[PDB]
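What follows is calculated from the coordinates using simple rules that are stated; it is not laboratory data. Note: ideal-geometry Cβ built from the backbone for every residue, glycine included; neighbour counts use all protein chains shown.
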Amino acid sequence: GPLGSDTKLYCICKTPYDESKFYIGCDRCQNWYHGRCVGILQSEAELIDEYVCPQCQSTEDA
Amino acid sequence: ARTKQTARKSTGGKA
């Protein structure tokens, strides 16, 4: 049907912000997903401060 | 990193 504007959401898992979901911002992608949204630890949100997104990190490929 | 988390449960400890 008629389209207005093309936009996206956080987690690569197609899910908007939910104060029940905790995120981590793609250091290189600049976006967020639920820790598990990308298969990461839970506390990974706190014990973290150098996390990168898998969508962006993919380019870094270590 | 740009960790995006929440802490609504916490109020604010003086220390």
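Sub-9 Å Cβ pairs linking a first residue in chain B that is away from chain A (no Cβ under 14 Å) to a second residue that is surrounded by 10 or more Cβ atoms within 10 Å (Cβ to Cβ), at least 6 apart or interchain, number zero. Every test in (1) in contact with a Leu (Cβ under 8 Å, 6 or more places away or on another chain); (2) more than 10 Å from chain B (Cβ to nearest Cβ); (3) of a type outside the set (A, V, I, L, M); (4) buried (at least 18 other Cβ atoms within 10 Å of the Cβ) is passed by A:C37 save one, and that test is (1). The listed residues are A:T15, A:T59, and the only one of them that is part of a helix (DSSP H, G or I), in contact (Cβ under 8 Å) with a residue 12 or more places away in the chain and of a type in the set (V, I, T) turns out to be A:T59. A:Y23 meets each of the listed conditions (1) within 11 Å of B:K4 (Cα to Cα); (2) touching a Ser or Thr at 6+ places or on another chain (Cβ under 7 Å) apart from (2).
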